[PDB]
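Residue numbers (the authors' numbering), protein chains in the order written: chain A, 24 to 202, 210 to 333; chain B, 24 to 202, 210 to 333; chain C, 24 to 202, 210 to 333; chain D, 24 to 202, 210 to 333.
Ideal placement from N, C-alpha and C gives every residue a C-beta, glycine not left out.
Here's the structure we're looking at; comments come further down.
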Ligand SMILES: Nc1ncnc2c1ncn2[C@@H]1O[C@H](COP(=O)(O)OP(=O)(O)O)[C@@H](O)[C@H]1O
Ligand SMILES: Nc1ncnc2c1ncn2[C@@H]1O[C@H](COP(=O)(O)OP(=O)(O)O)[C@@H](O)[C@H]1O
Ligand SMILES: Nc1ncnc2c1ncn2[C@@H]1O[C@H](COP(=O)(O)OP(=O)(O)O)[C@@H](O)[C@H]1O
Ligand SMILES: Nc1ncnc2c1ncn2[C@@H]1O[C@H](COP(=O)(O)OP(=O)(O)O)[C@@H](O)[C@H]1O
Ligand SMILES: [Mg+2]
Ligand SMILES: [Mg+2]
Ligand SMILES: [Mg+2]
Ligand SMILES: [Mg+2]
Ligand SMILES: [Zn+2]
Ligand SMILES: [Zn+2]
């Protein structure tokens with residue numbers, strides 16, 4: 024088996040980023056070559072491991088086999104601006120215009136999320152990593168493109184018809200009046223296949239493990255439940271739910287007691303909705319979840 | 024004064040969505056007509072107010088003046104597919120092709136974030152709402168487009184030169200051989223102005239209040255600090271920081287005591303970094319922050 | 024009445040060019056401001072008047088009011104290459120490319136005949152000349168474009184439908200994702223009108239006199255007859271036929287006698303086919319038809 | 024040797040069409056398979072051979088090996104309109120539009136001359152004919168496109184540069200933003223080669239004989255001299271000049287004597303200017319040059 028994919032998702036700020044770091048560590052404990060890929064422009068991972076990372080995979084300190092890759096459209100952008108600037112030298116006018124268009128792209132809202140997309144696909148076709156752990160929160164909408172290939176197929180057929188009708192007209196035009211679709215079709219197909227390979231790898235349990243992270247709070251439970259549902263529609267298996275920031279059993283003050291009782295209610299809720307799934311529990315730490323120490327500790331708690 | 028804009032941002036899951044709902048309620052308490060606009064595909068607000076919302080503003084129950092708008096590119100999409108399907112009737116072939124292209128857009132990653140962008144601009148040019156509260160997390164990168172206008176200006180000038188050189192050539196082509211830019215420039219300018227109006231309204235304190243939400247945890251404090259900085263570079267004023275999920279003073283078990291001590295450290299950190307700003311504090315509730323009751327309560331606590 | 028148009032056509036080498044020059048002279052005899060416009064790249068007129076002419080109207084020597092304009096796509100071309108070269112200076116790369124495309128146009132076969140077309144239309148919309156005499160041989164096919172307006176009309180309507188269907192689609196494209211026909215329709219209409227004004231002026235006897243030149247030879251008679259027919263289909267009136275190079279009555283040698291007899295047969299043919307039209311006869315000169323002397327003489331013979 | 028090309032040019036109405044028909048006959052006399060190709064929309068050849076011809080080669084009556092092809096853009100057009108109308112059936116809207124655009128082409132002035140061009144090229148790449156005789160008057164300007172290949176080369180190189188700079192940018196946009211020249215270059219090259227093969231065949235004496243036809247009149251002599259010069263600049267050899275419509279030596283009336291004296295002057299002129307070339311003389315017939323009889327007679331006179 025070439026490469027295995029784990030990915031963590033769930034509501035905002037529940038430990039997606041924390042669990043993926045801890046899983047990275049644990050899987051690195053067994054000798055395995057693991058990369059964690061992060062779309063946080065927040066660059067959460069920096070704050071966790073207490074180390075700088077880049078758009079090119081970096082070894083986490085202490086580990087030869089743990090890497091983190093943080094997608095930064097802007098950096099790779101500027102690198103490319105400097106590079107293209109050399110090519111354009113024959114033509115400053117075209118060159119400055121292309122520079123401008125580039126920048127304009129870079130600043131437009133969609134484009135940051137689609138840098139992420141391109142990276143995602145590059146790592147879905149990749150080898151050289153035993154395990155790739157996607158930190159970036161998938162959802163029904165984030166993965167909505169897996170439905171793309173079918174539409175792409177329809178559209179491609181319409182294009183094919185169109186190409187045939189044009190080719191008849193154009194030839195006559197050239198003959199009578201002196202003096210494209212292949213390219214468009216090629217691109218469409220290339221992408222269609224990339225996405226199809228991806229959808230097959232994610233929809234296959236052997237290769238990819240999707241994991242949901244929740245808090246004992248109605249909100250996280252409900253979001254992550256809906257998520258489970260959309261994903262269930264794509265074919266993506268969810269092997270596990272991880273409850274996190276559980277208040278531990280030894281609590282005394284009226285406060286902790288109260289919040290813990292509420293948490294137990296929500297744990298009945300979780301056990302109800304996701305109960306058909308493996309559920310792991312993680313407690314709320316006295317310390318913040320920060321060091322590689324507390325990380326190894328968390329990983330141990332998960333296993 | 025026509026319309027006022029409040030917007031909350033800060034790390035993932037710190038209470039952006041919660042504070043904006045509570046501010047919505049409080050501002051509605053004083054008779055005021057307030058809309059909360061949400062880019063969460065999570066649809067958090069549904070879970071908070073315990074009510075369904077749509078891409079068209081909906082009254083929160085019990086309130087004539089409180090509305091929630093949830094941007095859903097997909098819904099407005101399908102509405103439009105059904106609509107366009109009627110226009111295309113003369114030409115199924117072109118019609119089906121346009122349908123396809125549409126769907127392909129919809130599924131592409133960027134496009135979801137730019138639906139949000141379009142709505143944002145529509146509400147920036149809008150009246151009819153006394154207060155518009157943006158729930159969607161702005162950051163340096165989410166607002167990076169406010170720098171667009173200037174690049175747009177450069178590019179527009181290059182386009183103007185180009186138009187003049189083409190018109191000389193084209194005229195000659197037409198006479199010598201039988202047998210665009212105005213449109214492009216018009217669009218560019220239209221958008222440039224929209225964004226400039228927006229940048230002026232957000233950079234103006236009288237009109238827009240930007241608010242940061244943090245947890246006493248090194249991570250949220252650091253993110254929201256960087257955010258503060260990027261925003262400070264656009265000219266966007268940050269009038270207030272709201273610390274949230276503060277463990278209250280009455281705590282007994284060793285656990286709460288420990289976490290509270292840590293929080294107090296981080297409160298010295300917040301007081302340090304944002305201290306030049308107004309800081310409001312909110313406690314961690316025994317109950318989940320859910321009902322309109324606990325919402326009015328939170329609002330009261332904020333004021 | 025603003026401007027009057029005479030035009031001569033008929034087989035190759037029958038005196039189109041000769042009769043137009045003589046008509047130019049005669050009409051200039053009565054004080055009248057007359058321009059002869061010539062598409063011969065042969066530049067026949069130079070050889071007739073024994074003088075150089077250019078793409079800008081030139082006074083024939085001895086006459087303030089007689090001008091000749093010889094359309095030379097190539098000259099006006101080079102003039103324009105030199106001019107455009109100054110505009111492109113900011114961008115040599117775009118500039119040299121445009122230069123190349125221009126030259127490529129210039130050398131392509133159609134383009135020489137359409138330079139003629141453009142001039143023709145410029146003089147059809149013109150004032151400042153009492154009489155414009157087109158030397159260039161019209162025929163059914165040379166004037167076939169007068170039927171253009173109607174097709175242009177159909178096509179325009181299809182374009183209008185198309186524009187409406189696009190505007191519905193493009194409009195959503197922009198909102199969903201960031202970030210022509212008016213121009214095409216404007217051009218189409220501009221030309222359609224130009225051609226319609228033209229067809230109305232030529233189809234009008236008061237304004238334009240179409241004249242056919244023949245030799246007493248089966249060939250010229252047949253060509254010019256077919257010409258008469260196509261033209262009759264456009265609504266173009268043919269006011270006169272001019273038989274030319276008639277062998278005079280005083281002839282002696284068996285040779286002249288023979289050819290003259292043949293000519294008289296063909297004159298019965300002409301009188302038969304065109305008889306419903308005014309027919310003028312011109313004899314075959316002992317001298318070549320060259321000088322302004324023989325020209326005034328010919329004109330006198332015509333009137 | 025595959026195919027040989029003869030082509031006759033000279034002033035309007037000097038016997039281009041007559042000499043080419045006579046050469047056709049003579050070459051067919053020796054068993055040889057000869058086609059005459061005519062761009063006259065006049066359809067002169069019909070009048071000569073007294074027979075109908077079409078855009079597909081037709082045997083001249085009495086001859087298996089003598090064909091005439093008359094290029095008629097309009098006929099081949101209508102044939103094609105009827106054909107395309109069947110293909111478009113799935114889409115009337117696109118179909119009618121294409122029909123319209125076609126007609127518009129057909130009526131446009133250039134397009135008739137370029138139909139001729141296309142045919143010319145088809146017969147330059149052709150076999151199946153021992154001898155192809157081009158009736159259509161070449162000149163410096165009619166053949167001016169033979170200079171096209173070099174400009175085509177320059178432009179192609181600019182295109183190549185452009186293609187490389189686009190491919191860098193395009194790849195980057197696809198990757199950053201979800202989600210032609212090959213075709214243009216292919217066409218350019220295809221045509222460039224076609225024209226180069228042509229220019230090599232015409233510039234080669236072994237394969238192609240260019241022949242100039244004149245009248246003993248200053249005009250024809252001057253035109254055909256300039257023609258000789260432009261052609262000499264393309265590398266096209268002119269093997270022969272044919273003086274035509276020479277008044278014979280037996281003449282009596284003062285008239286014939288006069289015109290003949292003038293002709294002898296112009297014959298000194300021809301002998302002067304073209305004297306370095308083979309010159310054949312043809313007399314002015316008592317009969318019109320019409321029947322296949324007088325044609326065989328003329329051919330005998332040429333040989
Ligand atoms: N068990 C835990 N005890 C204490 N803090 C935790 C625990 N799990 C997560 N956290 C903290 O919650 C915050 C956000 O979680 P995180 O996974 O980083 O966000 P996201 O899921 O939005 O990337 C971090 O400060 C993290 O250290
Ligand atoms: N003062 C509080 N006490 C208890 N829970 C809170 C408090 N403030 C926020 N929360 C809870 O934190 C979770 C996420 O915060 P939220 O603002 O709702 O998300 P986002 O910030 O991404 O829109 C929710 O489950 C919410 O109820
Ligand atoms: N009456 C005439 N006597 C002798 N030659 C004539 C007469 N009329 C015309 N020609 C000659 O016929 C030849 C070509 O005719 P022309 O009409 O000038 O060419 P085109 O019609 O193609 O421009 C010239 O030599 C011209 O001078
Ligand atoms: N030797 C000749 N004697 C008499 N008439 C001739 C002679 N040669 C050509 N002609 C006549 O000249 C006229 C036109 O010549 P043609 O070659 O058809 O025109 P083009 O050269 O413009 O195609 C015809 O009437 C033709 O019969
Ligand atoms: Mg995260
Ligand atoms: Mg939220
Ligand atoms: Mg002429
Ligand atoms: Mg001819
Ligand atoms: Zn406690
Ligand atoms: Zn005589």
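Asked, Found
"Confirm, please, whether the CB-CB distance from residue 57(C) to residue 152(C) is below 8 Å.", "yes"
"Give the secondary structure of residue 26(C) by DSSP, where H, G and I count as helix, E and B as strand, and everything else as coil.", "coil"
"In the DSSP assignment, what residue or residues form a beta bridge with residue 61(C)?", "93(C)"
"Can you give me the start and stop residues for the alpha helix (DSSP H) that residue 274(C) sits inside?", "Counting along the chain, residue 274(C) falls outside any alpha helix (DSSP H), though it belongs to the beta strand (DSSP E) covering 268–276."
"Hey, residue 129(A) and residue 62(A): beta-carbon distance below 8 Å or not?", "no"
"Under 6 Å Cβ to Cβ from residue 297(C), same chain only, skipping five residues before and after it: list those, please.", "246"
"Decide yes or no for the touch test of the segment 313–332 of chain C against the segment 42–55 of chain C: beta carbon pairs closer than 8 Å, at least 3 of them.", "yes"
"Does the beta carbon of residue 115(A) come closer than 8 Å to any beta carbon on chain B?", "no"
"How many Å lie between residue 162(D) and residue 190(B) at the Cα?", "33 Å"
"If you reduce the DSSP assignment to three classes, tell me which class residue 264(C) lands in.", "helix"
"Kindly list, in the order they appear in chain D, the residues whose Cβ is closer than 7 Å to that of residue 110(A).", "188 and 191"
"Around the Cβ of residue 230(C), are there at least 16 other Cβ atoms within 10 angstroms (buried) or fewer (exposed)?", "exposed"
"Considering residue 206(D), what are the terminal residues of the beta strand (DSSP E) in which it resides?", "The gap in chain D between 202 and 210 takes in residue 206(D), so it carries no coordinates here."
"Can at least three beta-carbon pairs, one atom from the segment 64–77 of chain C and one from the segment 163–181 of chain C, be found at a separation below 8 Å?", "no"
"Use the C-beta contact count for residue 134(A): other C-beta atoms within 10 angstroms, 16 or more gives buried, fewer gives exposed.", "buried"
"Return the residues of the segment 33–58 of chain B that lie within a Cβ-Cβ distance of less than 7 Å from chain A, sorted by chain order.", "34, 35, 36 and 37"
"Would residue 131(A) count as contacting chain C if we go by Cβ distances under 8 Å?", "yes"
"Which term fits residue 302(D), buried or exposed, when burial requires 16 or more other beta carbons within 10 angstroms of its beta carbon?", "exposed"
"Kindly provide the chain-ordered list of residues whose Cβ lies closer than 7 Å to any non-hydrogen atom of ligand 9.", "281(A), 282(A), 283(A), 285(A), 286(A), 281(B), 282(B), 283(B), 285(B) and 286(B)"
"For the segment 74–93 of chain A, list every residue whose C-beta sits within 7 Å of some C-beta in chain B, in sequence order.", "none"
"Taking 7 Å as the limit, tell me which residues put their C-beta closer than that to any heavy atom of ligand 6, in chain order.", "35(A), 39(B), 40(B), 63(B), 65(B), 67(B) and 158(B)"
"What does residue 124(C) reach in chain D if we use C-beta pairs closer than 8 Å?", "178"
"What residues are listed by DSSP as bridge partners for residue 155(D)?", "28(D) and 58(D)"
"Among 264(B), 260(B), 24(B) and 29(B), whose alpha-carbon lies nearest the alpha-carbon of residue 156(B)?", "29(B)"
"Go ahead and pull the three-state DSSP assignment for residue 239(B).", "strand"
"In its own chain, which residues sit with a C-beta less than 6 Å from the C-beta of residue 239(A), not counting the 5 before and 5 after it?", "29 and 269"
"Return yes when the C-beta of residue 315(A) is under 7 Å from any heavy atom of ligand 1, and no when it is not.", "yes"
"Closest Cβ-Cβ distance between residue 148(C) and chain D: below 8 Å?", "no"
"Is residue 320(B) a contact residue of ligand 2, with contact defined as CB to any heavy atom under 7 Å?", "yes"
"To which residues of the same chain is residue 326(A) closer than 7 Å at the C-beta, ignoring the five residues directly before and after it?", "48"
"Quick check: the segment 244–262 of chain B against the segment 278–292 of chain A, are at least 3 beta-carbon pairs closer than 8 Å?", "no"
"Could you name the residues of the same chain whose beta carbon sits closer than 6 Å to that of residue 253(C), not counting the 5 residues immediately before and after it, in chain order?", "34"
"State whether the segment 267–281 of chain B contacts the segment 307–318 of chain B, with contact taken as three or more CB pairs (one from each stretch) at a distance under 8 Å.", "yes"
"By the criterion of Cβ-Cβ separation under 9 Å, what are the contact partners of residue 200(C) in chain A?", "133"
"Is residue 275(B) close to chain A, meaning its C-beta is less than 8 Å from at least one C-beta of that chain?", "no"
"Have a look at the DSSP bridge pairing and note the partners of residue 77(B).", "92(B)"
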